[PDB]
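One chain comes next, on its own, written out as C-alpha cells in the form deposited in one PDB entry.
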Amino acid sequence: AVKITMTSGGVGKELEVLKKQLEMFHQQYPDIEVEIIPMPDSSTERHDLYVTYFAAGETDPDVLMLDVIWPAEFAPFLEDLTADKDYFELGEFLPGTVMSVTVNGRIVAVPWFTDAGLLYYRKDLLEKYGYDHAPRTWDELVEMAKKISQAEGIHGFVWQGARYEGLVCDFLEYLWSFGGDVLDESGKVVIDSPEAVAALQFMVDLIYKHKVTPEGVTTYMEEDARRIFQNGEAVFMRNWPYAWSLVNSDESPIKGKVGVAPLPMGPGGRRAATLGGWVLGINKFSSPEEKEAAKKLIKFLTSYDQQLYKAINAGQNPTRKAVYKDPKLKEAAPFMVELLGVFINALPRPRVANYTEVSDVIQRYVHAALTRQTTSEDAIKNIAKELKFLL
C-alpha cells in the first residue's frame, strides 16, 4: 500500500541476496512495497549520482545505501535518526560502526555491513612451493609471488589500481604499514614524508621492477581482481570479504584452495587494513509516510537473522556483535570470526565533510605514479600541496 525505493549495488552476489531479503521482508510487511534502483560498481561514481539526487530535491530514492566515507558530507540531506537509537537497537552494534554514522552527535544512518582489506592467497600453490604460511611482510609476499608466478605462468598479485575510490583504500594500506599517514591527530597534513614516498614507490615497483603485478592493474576495480584470482590466474589478491562468497563457491575453479589472512606488515613495523562498509540512510525529502516505511525496512535488513543471511550468502561482515557468536557464520566464512581483530582495528579514511575532494587529489597523483606519468616524490609532493589548500 506504501511504495518506497532503495538503491543497491551489483557487486558480487549482493543484489541477488537483497532480492531474496526483500521477499522475506514482504512476508512480514505486505503493506510495504520496495523497488530496487541499481547503482554503478564505483563508489566515486555512486557519490556523484547521490549529489544530483539531493540537488534536485528528489523524493526518490527513499533508502540510501551509503559508503561509510559519506555521512559527514551527506548529513544535511539525511533523516535524523538519533531519536530512533533504541528502535534500531544500536547498542547491539559494533561501537566503531555506530561512531561512523554519528555526525555532530546526530545519528544519520544505520550500519549495514562492515569491511576491511584482506589478503587472499592460493593455499595449494604456497604449499607446493615450500611455504607453510601466508606472507607476514610485504617483502615476503613479493618473494613468494615472484617464485610461484614464473613457475606457474600466472600473475603474482592483483589488487585495485583503477582511478577511483578503491585505489585510495589500497594506497592507504601501504602508506600506513610503511609508517606514514595523511593527517595527524589534529588537522595537519603530514603525508609529505619519506615513508609516504617509499610506500608509493613500492606500489610502482610491484608492476615495473618486481613484475608481480600486471600493468593492467591501473584499470582494475574489486571485480576485475576477483575474476582473475577466481580463474586461477593470480597467486595473491587484496580484496574485501565479499570475494570469499564467490571464489569458494561450487562455481569457482579454485574452491577449497583459497586461504584468507591479514595484509602483510610493512617497514613501519605494523600491518594495516582500510576500514570500509556501507550504511543505510533515509532521504530527507521523502514524505513522512515513506520515511516510516523506510525505517521498517532498515530495521528488518539490519536485524540479527538478516545480517546472518547476508553474511553467509554475500560474504559481507555483520555489524551486530552477537552474530559473530553464531556457529553458522563460522561454518560459512571462518575468517569473519577468526580475523575479527582486523575489522575492529581497521583504520578509517579522514572524516571530513569534503573527503571526496581529498580522495580525488589522492586518486590523480597516485594513479599518475602507477602509470609512470610522474615520480613517487612528485606525486607525494603534489598531494601534500593540494591537500593543504583543501584543509
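When you see a residue number, it is the position in the sequence shown, counting from 1.
Separately, the form deposited in another entry exists; it is not shown, and the next lines address it.
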| query | finding |
| --- | --- |
| Point of rigid-part switching between the shown form and the other one, i.e. the hinge, among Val158, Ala199, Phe93, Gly276 | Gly276 |
| Cα separation of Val110 and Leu246 in the other form versus here, shift of 3 Å or more | farther |
| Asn248 and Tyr309, C-alpha gap in the other form relative to this structure (3 Å or more) | farther |
